[PDB]
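In: just need the structure, nothing else, for what follows:
(4 chains)
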Amino acid sequence: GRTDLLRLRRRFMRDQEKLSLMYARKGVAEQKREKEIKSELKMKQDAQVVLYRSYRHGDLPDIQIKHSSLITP
Amino acid sequence: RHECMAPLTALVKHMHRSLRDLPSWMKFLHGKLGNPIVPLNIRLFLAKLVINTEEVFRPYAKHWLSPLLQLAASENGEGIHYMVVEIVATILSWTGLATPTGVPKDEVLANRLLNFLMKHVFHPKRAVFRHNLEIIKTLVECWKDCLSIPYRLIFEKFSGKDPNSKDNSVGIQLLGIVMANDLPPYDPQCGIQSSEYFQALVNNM
DNA sequence: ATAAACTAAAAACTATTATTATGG
DNA sequence: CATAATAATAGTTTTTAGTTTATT
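Out: Numbers count the residues shown, from 1 in each chain, chains lettered A, B, ... in the order given. See below for the structure:
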């Protein structure tokens, strides 16, 4: 219980801000509409492609790859 | 809110920059608070301070265990509930640093504070009431050391008016707080009858 | 001058549904 | 100006007051 004081202060609502809370919920909802629109438009695109091999850099191709690395692709 | 405390806060910051009961005057203030005679002006000054200074005396809060509790008990400024909840939040912000299970003084202080809060726990509001309930749950499940259940004030809280309109549900949620603990559902000790104690339950049922 | 039905039975029991007291 | 909400509304059967049509 470390956030317990933080839980207290975040729940210090007794300045009677019910209308303020609902308005904050409203603004959050509008931003959620915007962000959701953006996310939907983004995800219709092809998702990021997954790889299947480790890789190393040198002056030569490293033949030390394993059978798994070869056949998973 | 407190405003003259700002230099005190600067003092705390400076000392913690420079910083067992190694005295940087917390012996002086330790005595200044341990007495339940310290004036409410100075009492609340020290209270707000130690709220803001809980971090510095972690492997010290056990010695601070008794003051805060006796500070917590029978609190009599911005509001009694305000400082009560703030200080108990500070106390439970540590759990292994100190426990009110040593001298029976802290144990009885904790029990008396429990009675105070369960007397006080209610809101016309929704969450902050449930926030208090969760406060009770957190304290009982972080100590579980000397904590004992009255069941009597509890009984009248949940037995209620035989509600044609929901009111005693506060006592029901208190029972649920107990239920979250592995504590006995109701000690069949004397109580009042130990049999109808559940007849009132099934009545409100 | 209407004794049958003249004409449509004013009304709750016992069952559901949109309200918002609020949840956030 | 959003959302597990919630509940005051309504709608079915009874049984009164309207009325024809002979009835003398």
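
In: please count neighbours and contacts with C-alpha atoms only from this point.
Out: Will do.

In: now the helix or strand containing residue B:49 - C-alpha only, PDB.
Out: Element membership of residue B:49 [criterion: DSSP states H and E] is helix B:40-52. Output of helix B:40-52 as PDB, limited to C-alpha atoms (Å, rounded to 0.1, in the frame of the first residue of the first chain):
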ATOM      1  CA  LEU B  40      -3.400  21.900  18.300                       C
ATOM      2  CA  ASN B  41      -1.500  24.700  16.600                       C
ATOM      3  CA  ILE B  42       1.900  23.000  17.100                       C
ATOM      4  CA  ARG B  43       0.200  19.600  17.000                       C
ATOM      5  CA  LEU B  44      -1.000  20.200  13.500                       C
ATOM      6  CA  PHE B  45       2.200  21.900  12.400                       C
ATOM      7  CA  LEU B  46       4.100  18.700  13.500                       C
ATOM      8  CA  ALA B  47       1.400  16.600  11.800                       C
ATOM      9  CA  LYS B  48       1.700  18.200   8.400                       C
ATOM     10  CA  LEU B  49       5.500  18.200   8.700                       C
ATOM     11  CA  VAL B  50       5.800  14.500   9.500                       C
ATOM     12  CA  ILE B  51       3.400  13.900   6.700                       C
ATOM     13  CA  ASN B  52       5.800  15.700   4.500                       C
END
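
In: can you list contacts of the helix or strand that comes right after it?
Out: Scanning forward in sequence from helix B:40-52 by DSSP H and E, the next helix or strand is helix B:61-72. Helix B:61-72 is touched from outside by B:30, B:33-36, B:54, B:84, B:87-88, B:91, B:97-100, B:105-106, B:109-110, B:113, with contacts defined as CA atoms under 8 Å, 6 or more residues apart in numbering or on different chains.

In: how near is residue B:183 to DNA strand C?
Out: 27 Å (CA to the nearest atom of the strand, to the nearest Å).

In: how many residues are close by that residue?
Out: Residue B:183 has 16 neighbours, counted by other CA atoms under 10 Å in any protein chain shown.

In: report the contact partners of it.
Out: Residue B:183 neighbours (CA under 8 Å, 6+ apart): none.

In: state the helix or strand in which it lies.
Out: Using DSSP H and E, no helix or strand contains residue B:183.

In: give me the phi and psi angles of it.
Out: phi -60, psi 160 (degrees, to the nearest 10).

In: could you check how far it is from chain A?
Out: Applying CA to the nearest CA, to the nearest Å, the value for residue B:183 to chain A is 20 Å.

In: same thing with residue B:28?
Out: Counting by CA to the nearest CA, the gap from residue B:28 to chain A is 27 Å.

In: longest helix of chain A?
Out: If each helix of chain A is counted by residues according to DSSP state H, the longest one is helix A:18-43.

In: wait, does that helix contact chain B?
Out: No - shown here: helix A:18-43 not in contact with chain B (CA under 8 Å from any CA of the partner chain), separated by at least 10.0 Å.

In: starting from that helix, tell me the next helix or strand along the chain.
Out: Heading C-terminal from helix A:18-43 (DSSP H and E), you reach helix A:67-71.

In: who in chain B is up against DNA strand C?
Out: B:125, B:126, B:127 (CA under 7 Å from any atom of the strand).

In: list, one by one, the residues from chain B near chain A.
Out: So far as CA under 8 Å from any CA goes, chain B lies against chain A at B:85-86, B:89-90, B:92-95, B:127-128, B:131, B:135, B:138.

In: ok, so of the residues you listed, who is nearest residue A:45?
Out: The nearest member of the residues of chain B next to chain A to residue A:45, counting by CA to CA, is residue B:127 at 41.8 Å.

In: how many neighbouring residues does residue 3 have?
Out: By default, I'm working from chain A. Neighbours of residue A:3 (other CA under 10 Å): 13.

In: wrong one, I was asking about chain B
Out: So residue B:3, with other CA under 10 Å, has 7 neighbours.

In: does DNA strand D sit close to stretch B:119-134?
Out: No - for stretch B:119-134, no contact with DNA strand D is found by CA under 7 Å from any atom of the strand; the gap never falls below 9.9 Å.

In: what does that stretch rub up against?
Out: A:8, A:11, A:12, A:13, B:170, B:173, B:174, B:177.
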